[PDB]
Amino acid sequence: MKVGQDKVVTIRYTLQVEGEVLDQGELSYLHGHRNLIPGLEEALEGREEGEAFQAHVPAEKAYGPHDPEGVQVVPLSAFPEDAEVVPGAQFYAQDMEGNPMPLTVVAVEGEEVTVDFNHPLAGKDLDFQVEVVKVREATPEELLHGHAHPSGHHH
């Protein structure tokens, strides 16, 4: 059966950025509920089970452009211990109610750390290889919760 609104879709994928394979795995998602980046959902629409294809998804329809306002300059004191506050290191800040907010360290100077709260793939065009493994109808509880049970990565 074909990918479409309110179907639970299982895909296998490889994700490459500028010729480097960054990710590879399998996931299930509820289609048409903003659970998957829009360019990839658009590429999958109407595809039959068993189809496999390659797709280029520009940043605009993936994780979006890099937002300059997501780059902040914070005190080194906010970082614990003396941890590894170096470029590329990932940390989590928490807001007033405890929500974890991931960041990547960009630079360190004096008592100041430049950090980036943008998604690591913001501003990147993404090259996928995708195989449609399974398509089924969603259960009532899946459409109520808005997500597949279970959702996300098999592997």
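One-based numbering along the sequence shown. The term rigid core refers to the most C-alpha atoms you can superpose between the two forms while keeping them within 1.5 Å.
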Can you check whether 35-43 or 63-71 lies farther from the displayed model in 8 other deposited structures of this protein, averaging C-alpha distances as RMS after superposing on the core?
63-71
Looking at the deposited entry, does 83-91 or 120-128 carry the larger mean Cα B-factor?
83-91
Averaging the C-alpha temperature factors as deposited, the higher value of 21-29 versus 143-151 falls on 143-151
For the listed 99, 35, 54, 114, which has the peak Cα B-factor recorded in the PDB entry?
35
Among 65, 110, 50, 68, which residue carries the highest C-alpha B-factor recorded in the PDB entry?
110
